[PDB]
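Working notes, beginning with the structure itself.
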Amino acid sequence: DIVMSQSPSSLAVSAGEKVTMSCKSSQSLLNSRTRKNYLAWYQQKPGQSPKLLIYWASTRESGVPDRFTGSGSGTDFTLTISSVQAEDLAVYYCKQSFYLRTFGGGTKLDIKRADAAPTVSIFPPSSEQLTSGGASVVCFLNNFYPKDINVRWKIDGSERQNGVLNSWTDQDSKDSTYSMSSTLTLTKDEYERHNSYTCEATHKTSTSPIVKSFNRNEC
Amino acid sequence: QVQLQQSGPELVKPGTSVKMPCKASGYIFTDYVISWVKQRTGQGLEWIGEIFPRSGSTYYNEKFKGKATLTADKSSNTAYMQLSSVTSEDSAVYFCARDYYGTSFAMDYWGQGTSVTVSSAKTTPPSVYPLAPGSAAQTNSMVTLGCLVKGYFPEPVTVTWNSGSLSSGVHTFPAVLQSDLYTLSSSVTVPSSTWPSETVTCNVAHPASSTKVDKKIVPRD
Ligand SMILES: OC[C@H]1O[C@H](O[C@H]2O[C@H](CO)[C@@H](O)[C@H](O)[C@H]2O)[C@H](O)[C@@H](O)[C@@H]1O
Ligand SMILES: OC[C@H]1O[C@H](O[C@H]2O[C@H](CO)[C@@H](O)[C@H](O)[C@H]2O)[C@H](O)[C@@H](O)[C@@H]1O
Ligand SMILES: OC[C@H]1O[C@H](O[C@H]2O[C@H](CO)[C@@H](O)[C@H](O)[C@H]2O)[C@H](O)[C@@H](O)[C@@H]1O
């Protein structure tokens, strides 16, 4: 059986730069009678099926923009993207079809861009939720770069650790930023016993946190 | 047009078998191989096996030899994958793919994938909650609204805004599992002058429960 290795596991480039990524096979993929290497490259964007880019190591699939090139032979192969676009955000896999099929581990491509501060929004529990007996407060930290960010929650001025779940988006092709949601869930009875809820965002773009608050009797 | 139509999400109990279809249309079915590929959440593609539908001949990744059985019904242009004695290790998305063996030796058209979850848990549909800001208007050139989709199982759920006609400014967050239920959220950002005047609705689908919910976002008082 054939074993496939890709490197690096990820890499970051700025829009318009060139990137090359590498694939190795445990056995040659060069065919005897043929002059072809049975090696294909695939692009998989978040939430989508893989898409064929190149086959026979170097033939481009129809519709594939000409910025994607494949090269190499035997046990050593390369995929090159000239002038990366933010729409190229994806995992890239090589795959042998010399005997059966084997995918490489993938190379994740990330985009580098200018730092941007988060836009921070806080939201109280809905009255729908409250009739359920539970109560989520949600904070969106949107359209920021780089990815590293800290969020802190306070109730009536006091920090809070349990019941806070966080989730980051994939890097956006539209503007190369990240976003983050933070949800604090409490029981309805604990939520009503307290009056003020605050979410604080610490990002490298500014030395002081961005702070959003709401009060249960604000109107 | 070439299409490979896979079944929707499958919640199955540990120890049982699951059999999933891949219905091919738009080309000569017996001229291409059907390959099957596994992908765990956030992980890489892993090839399972293939069937040559003309002959019925099958080849498997040895790791899957005891797990998978590939078949093909030539009369219905449908390839099937059966997974036996399922465990949590089998929880994944399975793709089928048209595989041009003998020519490109590449997988040129792919199914959308069938999400298999192996669990004893029951199917629970989501509750969908509107996210509208409290009285204090905050930074009021654009306004951010959202939907909280709480308490469902299994994955996946999808979210759109105004049936997909509200596209830009959207952020849909990955689901997190907590105490046996998933939660996710989605935000949308619009000009403050357009809302509440022009409606904003999130449209939530949960295919495992065959449920769809629309939640219009309306201002609080
Ligand atoms: O990672 C490249 C993809 O970026 C966009 O999608 C991500 O960014 C969105 C906005 O924050 C999120 O809602 C989404 O969940 C992320 O996957 C873009 O929409 C995709 O088309 C890109 O392939
Ligand atoms: O040879 C590399 C490893 O291959 C297998 O991994 C497959 O499945 C992983 C997660 O299930 C993917 O992330 C990976 O890309 C695939 O190769 C498996 O991990 C082992 O058999 C091998 O060490
Ligand atoms: O019917 C429109 C097209 O549907 C398929 O393509 C879509 O769905 C595939 C599976 O999710 C994707 O890989 C593809 O990128 C989508 O556009 C079909 O394969 C096409 O031939 C149809 O034109």
Side-chain angles (χ1 to χ4, degrees), chain A residues 1-6 9 24-26 42-52 61-63 85-96 101-111 118-119 140-145 147 167-181, chain B residues 2-6 22-27 37-48 61-64 89-93 95-98 107-114 146-147 156-161 164 167-175 184-189:
Chain A
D1 290 358
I2 298 187
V3 176
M4 300 297 289
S5 290
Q6 277 183 259
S9 55
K24 176 157 197 80
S25 65
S26 62
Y42 293 83
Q43 179 191 61
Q44 186 177 28
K45 300 179 176 173
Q48 299 194 36
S49 306
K51 183 193 174 204
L52 185 60
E61 174 59 340
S62 57
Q85 310 304 94
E87 71 218 307
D88 299 343
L89 291 166
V91 185
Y92 292 83
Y93 295 93
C94 62
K95 176 195 83 2
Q96 69 83 24
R101 315 286 181 278
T102 312
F103 296 90
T107 298
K108 186 183 238 285
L109 174 55
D110 294 321
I111 303 309
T119 301
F140 291 131
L141 296 62
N142 290 344
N143 302 99
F144 64 86
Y145 184 93
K147 200 195 172 167
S167 179
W168 280 247
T169 53
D170 298 299
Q171 194 173 22
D172 197 340
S173 51
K174 305 316 302 210
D175 61 10
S176 313
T177 62
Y178 296 90
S179 301
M180 200 206 80
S181 178
Chain B
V2 173
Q3 301 174 335
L4 292 175
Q5 229 36 271
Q6 289 189 256
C22 169
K23 169 73 168 266
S25 62
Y27 66 100
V37 174
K38 174 171 186 184
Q39 182 167 47
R40 311 207 104 244
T41 301
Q43 305 312 291
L45 306 164
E46 182 182 25
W47 184 77
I48 300 163
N61 171 350
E62 204 67 25
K63 171 184 167 169
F64 290 97
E89 287 306 316
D90 301 314
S91 292
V93 174
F95 299 98
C96 66
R98 188 181 82 166
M107 300 179 192
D108 51 17
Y109 292 79
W110 287 69
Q112 67 268 59
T114 295
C147 272
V157 323
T158 62
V159 177
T160 61
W161 288 90
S167 154
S168 36
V170 166
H171 303 288
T172 302
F173 302 88
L184 71 72
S185 55
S186 180
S187 79
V188 64
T189 296

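In each ligand, atom 1 is the first atom listed, and ligand 1 is the first ligand listed. Reminder, nothing fancy here: chain letters follow the sequence lines and each chain counts from 1. Computation of the quantities below employed the complete heavy-atom set of this structure, encompassing side-chain atoms and omitting hydrogens, waters and symmetry-equivalent molecules.
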Tell me, which protein residue and heavy-atom name are nearest [atom], and how many Å apart are they?
{"atom": "atom 18 (C) of ligand 2", "value": "B:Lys63 NZ, 4.0 Å"}
{"atom": "atom 5 (C) of ligand 2", "value": "B:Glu46 OE2, 4.0 Å"}
{"atom": "atom 10 (C) of ligand 2", "value": "B:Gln43 CB, 4.0 Å"}

N/O of [X] under 3.5 Å from N/O of ligand 1, yes or no?
{"X": "A:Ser179", "answer": "no"}
{"X": "A:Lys45", "answer": "no"}
{"X": "A:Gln171", "answer": "yes"}

Can you list the atoms of ligand 1 that are under 4.0 Å from a heavy atom of B:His171?
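It comes down to these atoms of ligand 1: 10 (C), 11 (O), 13 (O).
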List every atom of ligand 1 that sits less than 4.0 Å from any heavy atom of A:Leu89, numbering the atoms from 1 in the order shown and giving each element.
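Listed by number with element, the hits are 1 (O), 2 (C).
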Working note: A:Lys45 + A:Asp170, criterion side-chain contact (heavy atoms from CB on, under 4.5 Å); need CA distance, chi angles, decisive distance, verdict.
CA-CA 10 Å; A:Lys45 300 179 176 173; A:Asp170 298 299; over 6 Å; no
Is there a side-chain contact (heavy atoms from CB on, under 4.5 Å) between B:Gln3 and B:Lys23 once you walk through the steps?
CA-CA 8 Å; B:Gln3 301 174 335; B:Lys23 169 73 168 266; over 6 Å; no
Considering only heavy atoms, which of B:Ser187, A:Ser173, A:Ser176 lies nearest to atom 21 (O) of ligand 1?
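That would be A:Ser173.
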N/O of A:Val3 under 3.5 Å from N/O of ligand 2, yes or no?
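Such a contact does not occur with ligand 2.
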Where do B:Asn61 and A:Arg101 land on the side-chain contact (heavy atoms from CB on, under 4.5 Å) test, with the steps shown first?
CA-CA 8 Å; B:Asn61 171 350; A:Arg101 315 286 181 278; over 6 Å; no
Test A:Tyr42 against A:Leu52 for side-chain contact (heavy atoms from CB on, under 4.5 Å), laying out the working first.
CA-CA 5 Å; A:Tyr42 293 83; A:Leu52 185 60; 3.7 Å; yes
For A:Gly105, counting its heavy atoms only, list the atoms of ligand 2 lying under 4.0 Å from any of them.
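Those of ligand 2 that fall under 4.0 Å from A:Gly105 are 15 (O).
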Under the rule for side-chain hydrogen bond (donor to acceptor under 3.5 Å, both in side chains), what residues qualify as partners of B:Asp108, not counting sequence neighbours?
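For B:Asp108, the residues satisfying side-chain hydrogen bond (donor to acceptor under 3.5 Å, both in side chains) (neighbours in sequence not counted) are B:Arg98.
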Would you say the side-chain atoms of A:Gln44 pair up with the backbone N or O of A:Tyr93, donor to acceptor, closer than 3.5 Å?
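A pair under 3.5 Å: no.
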